[PDB]
Amino acid sequence: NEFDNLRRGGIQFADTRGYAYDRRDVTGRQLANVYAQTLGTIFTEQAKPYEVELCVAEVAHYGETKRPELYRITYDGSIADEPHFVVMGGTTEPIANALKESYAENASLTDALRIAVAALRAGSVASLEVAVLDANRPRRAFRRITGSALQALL
Amino acid sequence: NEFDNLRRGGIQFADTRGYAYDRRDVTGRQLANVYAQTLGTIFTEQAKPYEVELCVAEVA
Amino acid sequence: XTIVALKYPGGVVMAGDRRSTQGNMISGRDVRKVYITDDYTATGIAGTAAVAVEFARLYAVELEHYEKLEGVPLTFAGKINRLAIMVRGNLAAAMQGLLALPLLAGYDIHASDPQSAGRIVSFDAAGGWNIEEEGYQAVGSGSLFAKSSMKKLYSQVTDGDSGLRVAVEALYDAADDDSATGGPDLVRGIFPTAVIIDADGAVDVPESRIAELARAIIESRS
Amino acid sequence: XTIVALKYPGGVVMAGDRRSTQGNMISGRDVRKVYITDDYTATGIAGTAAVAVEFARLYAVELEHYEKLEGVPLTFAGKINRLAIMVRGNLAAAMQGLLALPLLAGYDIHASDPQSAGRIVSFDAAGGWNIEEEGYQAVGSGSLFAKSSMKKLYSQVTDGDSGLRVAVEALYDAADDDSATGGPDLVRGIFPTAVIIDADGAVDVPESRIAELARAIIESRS
Amino acid sequence: XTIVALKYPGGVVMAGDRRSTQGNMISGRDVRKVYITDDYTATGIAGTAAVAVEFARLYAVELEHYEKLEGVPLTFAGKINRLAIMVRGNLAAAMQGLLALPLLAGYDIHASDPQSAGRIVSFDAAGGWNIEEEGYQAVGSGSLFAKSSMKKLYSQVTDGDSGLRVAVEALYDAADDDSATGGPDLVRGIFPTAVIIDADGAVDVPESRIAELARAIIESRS
Amino acid sequence: XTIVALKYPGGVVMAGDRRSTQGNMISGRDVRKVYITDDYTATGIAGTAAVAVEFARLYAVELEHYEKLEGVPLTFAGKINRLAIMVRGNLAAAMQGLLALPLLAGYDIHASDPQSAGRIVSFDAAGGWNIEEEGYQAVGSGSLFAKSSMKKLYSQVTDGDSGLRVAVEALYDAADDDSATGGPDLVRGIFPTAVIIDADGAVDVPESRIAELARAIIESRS
Amino acid sequence: XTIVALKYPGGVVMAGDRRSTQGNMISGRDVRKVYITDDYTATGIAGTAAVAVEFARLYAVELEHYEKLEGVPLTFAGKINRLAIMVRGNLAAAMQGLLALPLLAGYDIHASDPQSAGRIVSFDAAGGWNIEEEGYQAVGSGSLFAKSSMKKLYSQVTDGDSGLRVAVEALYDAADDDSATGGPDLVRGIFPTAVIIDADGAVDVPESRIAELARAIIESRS
Amino acid sequence: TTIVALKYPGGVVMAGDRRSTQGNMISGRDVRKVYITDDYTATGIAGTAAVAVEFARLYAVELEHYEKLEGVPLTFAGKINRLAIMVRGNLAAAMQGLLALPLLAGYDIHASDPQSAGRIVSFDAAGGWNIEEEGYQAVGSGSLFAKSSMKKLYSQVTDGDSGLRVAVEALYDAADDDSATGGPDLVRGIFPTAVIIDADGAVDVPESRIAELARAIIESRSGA
Amino acid sequence: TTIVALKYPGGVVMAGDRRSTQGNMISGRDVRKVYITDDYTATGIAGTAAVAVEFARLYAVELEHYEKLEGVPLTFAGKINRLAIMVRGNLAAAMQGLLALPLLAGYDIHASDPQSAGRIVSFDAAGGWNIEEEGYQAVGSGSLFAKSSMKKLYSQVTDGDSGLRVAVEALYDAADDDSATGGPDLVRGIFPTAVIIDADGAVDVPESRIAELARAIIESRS
Amino acid sequence: XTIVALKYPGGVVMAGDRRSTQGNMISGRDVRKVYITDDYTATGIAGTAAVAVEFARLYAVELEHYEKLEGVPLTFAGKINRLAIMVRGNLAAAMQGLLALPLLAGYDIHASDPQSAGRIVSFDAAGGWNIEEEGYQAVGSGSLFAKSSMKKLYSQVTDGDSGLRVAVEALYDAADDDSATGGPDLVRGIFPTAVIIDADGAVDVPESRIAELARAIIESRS
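Protein chains in written order, with the authors' numbering: chain 1, 69 to 192, 205 to 234; chain S, 69 to 128; chain J, 301 to 522; chain T, 301 to 522; chain C, 301 to 522; chain X, 301 to 522; chain 2, 301 to 522; chain V, 301 to 524; chain G, 301 to 522; chain P, 301 to 522.
Written out as structure tokens, the structure reads:
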């Protein structure tokens, strides 16, 4: 209920900025910044702080060349710029170490999914929620990898 | 998140002052002053004081 | 009513008549329409005795207000902007008939060339301003007559004294062709008022010097 | 008044006249209606002489405000949207008579083809915009004459010099057929103002280089 | 109605008529229009009776209020400004028909020269104020007649008694030529009211003294 | 609708579009607006399908009437006066909305110089005439576009063929910018109509020739 | 301006002209009036380029806003309601003159029968909607001509190709009888825009395909 | 536009035409003006034809909103009062020309006599209501023709079927004397819409039935 | 009301509806609007109500009157001119609301080509006439629908029969889209009236033939 | 429509007609206009039904509300005051045409004399009330006719039966001279409604007792 609240507020923010300026004027940095400011105010103003950890990711625009940006925003409003991976929730260290080692910069979709699933397992099928920000799509980069496709992937 | 808030408020102040009077009429001393009044108020009235330290500089 | 302003080498001069009318009736003969607003500026407003002073008084207060809060005076551009805002804030009241059009004369102490540091700025109904490059300007019911007079006499302006003479003659010409503008009254001893501004600041021109010039314009045309 | 803008290979040029009229009467000869609003844009406003500076000053503040806040300039589409909002916010005041239609010229630094990166955008009463595909556009009381002139002369545009020439000729044609648009005044030395924008930014074309083109057009028609 | 005011050596005198009309019909014969507003000032109001009668009262309250709050009375310039604001705050109601034009008479206790310390200030529809250097002023439907009368007779004013005599004669003349102004009613014993202000303060002139002057003016013209 | 007329060496040419409209609706496609009124004159009226025939029919009758009664044709000056009287007699009906503005083209057989014997006369609402000394003229909703096109193309006029081409092109340019003026319809085969007048008299230019010139302006612009 | 929409077996097609007028004057020839608003809908607005691109831009934002917030797209009934709300919210501004009437074309992916899953919805001034059960609809100044054309040609619609042909012909017939609607410009190469929507989504029909159909219509009529 | 409503023994029937006009011109042929608003009511709105769906949609929501919140349906009088307030809240917009007069048909479950449980309520400009005691009512530009037709036909209404048939005939007669009301289009197959309400609730009468009725009237009156 | 007229090889046919309306109310179902005016002409009036019978009656008297006096019929142009004069003489009453626009169909017995001797002439408010070269025309509230129907169906006209068919279908289409035009009433047995004119004269088409065509059009659309 | 009220010994009777008109058209035959508002009062409203229907229901709620809150009913004077207040509140809406004038009938249970404890109160546009001393009153379009009837018949009122007869006869007389007031309908069995109030409270008079009275009046006048 706390992070869905934040998810909604972000979409609210993004759609408003994109309409007040233009679509190409909304960035991951901007959204991570606003989540930092919101989580920071909640930590200080509200009775109970939000028990959440957020990740805002951005890929390059179609036919443009830029390395992906990943941001980790924590409960207190702290914002960190990660260049390779972000791990949130549960027991973070076993998953973070299994990634720091089994890492593959410029890896394939099939390879990166296997490198990830395993790390999730270290910490602890249709027991997963998978999605990508596909830099190759014309405008809307977000694409969910579900069912048979997900199954096909494995 | 705290100093960026302050950075934005200063740009907001500066641009409004310049528009209201003249560009040559916006100074570092003036901006530093707006920050002192703002920081002072936050320290005094807000739930948590801002964990920040600011520098305003002006050249000729 | 008519107010004129012109640039001379090293400064600017502004002058205005003394009449006030209620239709055809002369309602005032001693009206001051030109006021020193700060050390380097003066405003002349085309209208009544009070709806001129009230505009000047407020503008004067605003300029000084800034100087005290900030320790330095507003730039000439800043002085213009503040006056433009004041005029724009009176647009709603100007649709009724309470139209006040100011003319601003000043000396920019921060200008590169001290010879051409004089400044004349005129305002329209909407609160729009225009810095004059042409050397002279006029506002009021006799402004056309005064601008046409100055067009022919401006080449004779070479210093403060000659510039003040042209201003008084322009006002004489305005009164000659416009019944709403008052000419020099030799019987009562009432003459147009004027302000002269140079690097040493804004100074009210003494009534006696304008009287001398008015006498000389009258004898020159008889 | 008339403002023109045209695209040339590698840029865009915008130019505007210097006249101001109150009814039949000429109230200004030195009016400047075209302003550089940021490094890659310029706006020319038709409506009032005073307004053009104010509309341009606010839009310039708005554009630089975003650039300071977010660290990068608004995209060209964004610059359009902000101007459209400013115009839409003046719809209430445009019903009285205070109409101000802007024309925007700019260079899109993020465009694929640098040859056709010049952009011309026009606005209507409602705050509606249109990016021009036809190469040129004009606004003001002499716009039809200017657009009809450019229609016959556009094929001669090839570089910054020829473009600025057609622009000055279009403005000449506008003043020839419209009394509210001012032609080049050789006696006082007052000429239309212009801005040229390419990959190196927006630069004010020097008065002397417009004067040269005006002398040329005049001798070409004798 | 008519209200007059004139300066004499060492003070000022204000007088007003007692008539009231509803169209042609005479609605009042006893109306007092001149009221002492503080130790050194008096106001006479011409216009609708309802706003005017109330008007002296509100002004008297404002002056006294400042004095108790600050310990010292307002300067004469301050007293004027307060009255000007009161009048300006009634401009919206003046467009309907509720026009109230006040005339202020006073003695500036802080003036350099006690001989010319008398002050007369008049107000226009807009709330604009003027100070009369002529030495006499009038407001109301009979003001033109009274002012003309005063112009002829002002020379004869040498002290308070002659000043009062001229004021009463001016009001007599106003009533003689204007049906809305009431002349002295010898049958009912109703005469114009008057206030005289000098260094010793503002005092209501008694009825018997005005009656003696009215009788003498009547004898003089018969 | 648009009607153009231009002088070439040795004559005059007049051409008009075929469009008719009610509001935005196209109500006519074949409308003839230019008619030979006598051996040396032609009139073009931009209005209804019949306001062109009926005005021309009456004028033609009036000119012939005079010739049969007096045995000689009227002087060109006389032809103008008669048309001016006809237009003035329709002033009471032009206040309702029935405005008919004629354009007259002619050849003065009694002129000194046969090269410049072509005549173009335009009429205003009041029935006022003006003989055109600029070489070309146009009336109707697309007149400004046509006159601005001819302004750039007139120098290419040296004979009847180049004169007609410029006229057709001007009409094309008017249609291009004015929806009330019809361009050449290649699908239905409908083209503007034209009359050419020289020392040999007034003749209706055949469709075949206006059609060939229309396809050439098209083929050239594409 | 004219916008048409029609249902074919397996989908829907929407097409619009490219003209823009300022009274009689053609102010634009390249205007895009039909926009893809989401994967399965398109909106056409009869009007200016901006009020067509700003309405479509906002609706597109509203539709995708819901999809991101809730994970699924709005239902077609939901899409209709949102558009109806947007139009109703512009009723206050539509009394001035700023009227914008949209036409919505879409494919209901949740419909029982994929053959009749195309949808056409029209809106009136008040923001009232009507799901068209007749197969076709049109909005704009040439809508009556386009609807009357489709009435005779609709029986020839059997697939997407024939549907698009009927749409282009309807728009041709609209421009033939309405001067505010632009027909295909073979000289400049500007043709009506179109969107076709079936089970695979909304696709912009390429300019080359429409050009081929335009030429076929032209060649079929001469 | 014409919308009719009549009471029969055991219920009520409401029917409306499909025409829309802009001046003389026919702007629509398939407009629906009669909508079921809850289990026991239906509303027909005349004028501002596009808006008929919208007024019905808001009224339906209000009725249901109450029913869910309070656990019981509003009384029929309550239903009437809500609709009267909706209409009263639209008086400012009706002065411009956006006039919408509703006709309400319902069945009162709480009524003592089931046979006479059907209800018809009409509203005026001001938002004033009137429960019809005469058995039928109509609103719209063809209402006078429809009411005059029903005045001669009502005596033959004895059940739901004959009530529906008098309603279709009334609508037909209205279309006959009023050009703003559309009669049954046999060419396109478009017929008036109808709702029938009895103790078992509100039901949309199938196009099939209104169709057979119209053809029996039209085809026989014509040569057919 | 709708009246249509079309040319076929060897003649012309004119047909009109039977409806009359008062606002939305239908005030007539049996109105004859097309009348034979002489041996080779017929007029149809889209006029307030029945005026048509008064109008056609007067025109018929006029035509016949000339014939008896001169021993020969008026020329078709003469017939047109007389009708134009009649309409022009009714402009004062058309301002009130009593508008009456006639449509004239005829067969010029004196024409070169008997195949194209059919004539259709329309009149505007002012009394202006226009001969139709396009083949068909219509007047009244449903004229646009009828003209758009004929545009698609005219190519099917080859003789008298096919011409009458297209006229009836055009009137069917007019009634389908315009409430003020009455379609064929199969219930009451009332159908549109028609007149067919060829070299043998003007003849009333029998009710029975129009009935067969109406039923065939109805059957064809179901 | 008409509403009557009269005092009879020991009580009050109020009766109203059943007609409703939309101009000349009879829009209602069974309208009830008299309602029991509490145990001892009844209200009858004439004017706008929408206003009328609302007033009775609201007033009743108001009286009962007070009673439950305070444990006692309002005094008769208070009841009048509350009604008067409601009427004033509706004044802004009465300027439009939504005029509703109520007539109040009651029995004051706290009055000294039980014989004259009946009360009739009428209200005017402004919300002003008046208690009748004459014994009867009427409101509505037929009120004058009803009051003039009762003027001649009131001497016959001796009890509740005779007072109800006079009330029904007054309403009969109103309907006989006013088409907006409905008389008793024998065919439909619809009769005026009535309320009778005495020491035992307010009660609806049964339709059958009113019916007997109507027949008697009818038989008496035949």
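Here a beta-carbon is modelled for each residue, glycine too, at the ideal position from N, C-alpha and C.
For residue i, three-class secondary structure by DSSP
{"i": "residue 267 (chain X)", "result": "In this structure chain X extends from 301 to 522, so residue 267 (chain X) is not present and cannot be described."}
{"i": "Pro162 (chain 1)", "result": "helix"}
{"i": "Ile409 (chain G)", "result": "coil"}
{"i": "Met314 (chain 2)", "result": "strand"}
{"i": "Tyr366 (chain T)", "result": "helix"}
Beta-bridge partners of residue i, as assigned by DSSP
{"i": "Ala502 (chain T)", "result": "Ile497 (chain T)"}
{"i": "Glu126 (chain 1)", "result": "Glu137 (chain 1)"}
{"i": "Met325 (chain V)", "result": "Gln322 (chain V) and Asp478 (chain G)"}
Delimiting residues of the alpha helix (DSSP H) encompassing residue i
{"i": "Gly460 (chain X)", "result": "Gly460 to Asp477"}
{"i": "residue 278 (chain J)", "result": "This structure cannot settle anything about residue 278 (chain J), because the visible part of chain J is limited to 301 through 522."}
{"i": "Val312 (chain G)", "result": "Segment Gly311 to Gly316 is the beta strand (DSSP E) holding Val312 (chain G); no alpha helix (DSSP H) there."}
The ligand GTP heavy atom lying under 7 Å from the CB of residue i
{"i": "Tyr340 (chain J)", "result": "By its list of ligands, the structure shown contains no ligand whatsoever, and the ligand GTP lies outside what it can speak to."}
Bounding residues of the beta strand (DSSP E) (the contiguous stretch that carries residue i)
{"i": "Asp149 (chain 1)", "result": "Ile147 to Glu150"}
{"i": "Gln437 (chain T)", "result": "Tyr436 to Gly440"}
Residues within the region 83 to 94 of chain 1 neighbouring chain T, beta-carbon criterion of under 9 Å: Here the close residues are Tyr87, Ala88, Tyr89, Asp90, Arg91, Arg92 and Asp93.
Do the region 416 to 429 of chain 2 and the region 390 to 408 of chain 2 meet, that is, are 3 or more Cβ pairs less than 8 Å apart? Here the region 416 to 429 of chain 2 lies against the region 390 to 408 of chain 2, with 3 or more beta-carbon pairs under 8 Å apart.
Below 7 Å between beta carbons is the criterion; list the residues of the region 319 to 340 of chain 2 that meet it against any residue of chain A, in chain order. The displayed structure is made up of protein chains 1, S, J, T, C, X, 2, V, G and P, and chain A is not among them.
I'd like to know if the region 409 to 418 of chain C and the region 305 to 314 of chain C are in contact, where contact means that at least 3 CB-CB pairs between them fall below 8 Å. Judged by pairs of C-beta atoms under 8 Å, the region 409 to 418 of chain C touches the region 305 to 314 of chain C, as three or more such pairs exist.
Report yes or no: do three or more beta-carbon pairs, one from the region 433 to 448 of chain J and one from the region 467 to 478 of chain J, lie closer than 8 Å? Because the criterion of three Cβ pairs below 8 Å is met, the region 433 to 448 of chain J and the region 467 to 478 of chain J touch.
What are the residues of the region 316 to 337 of chain V that lie near chain 2, defined by any Cβ-Cβ distance shorter than 7 Å? Those residues of the region 316 to 337 of chain V that come within reach of chain 2 (Cβ to Cβ, closer than 7 Å) are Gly328, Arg329, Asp330 and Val331.
When you compare the region 480 to 492 of chain 2 with the region 311 to 325 of chain 2, are there three or more beta-carbon pairs, one atom per stretch, that lie closer than 8 Å? Remark: three or more beta-carbon pairs, one from each stretch, lie closer than 8 Å, so the region 480 to 492 of chain 2 and the region 311 to 325 of chain 2 are flagged as touching.
Are the region 123 to 143 of chain 1 and the region 98 to 107 of chain 1 touching, with three or more C-beta to C-beta distances below 8 Å? Yes: at least three Cβ pairs fall under 8 Å.
Which residues, in chain order, does the region 412 to 428 of chain T contribute to contact with chain 2 at a C-beta distance below 7 Å? Against chain 2 - using a Cβ distance shorter than 7 Å - the residues of the region 412 to 428 of chain T are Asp424, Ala426 and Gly428.
Whether or not the region 421 to 435 of chain V and the region 458 to 476 of chain V are in contact is what I'm after, with contact meaning three or more pairs of Cβ atoms, one per stretch, closer than 8 Å; do they touch? Result no; under three Cβ-Cβ pairs closer than 8 Å.
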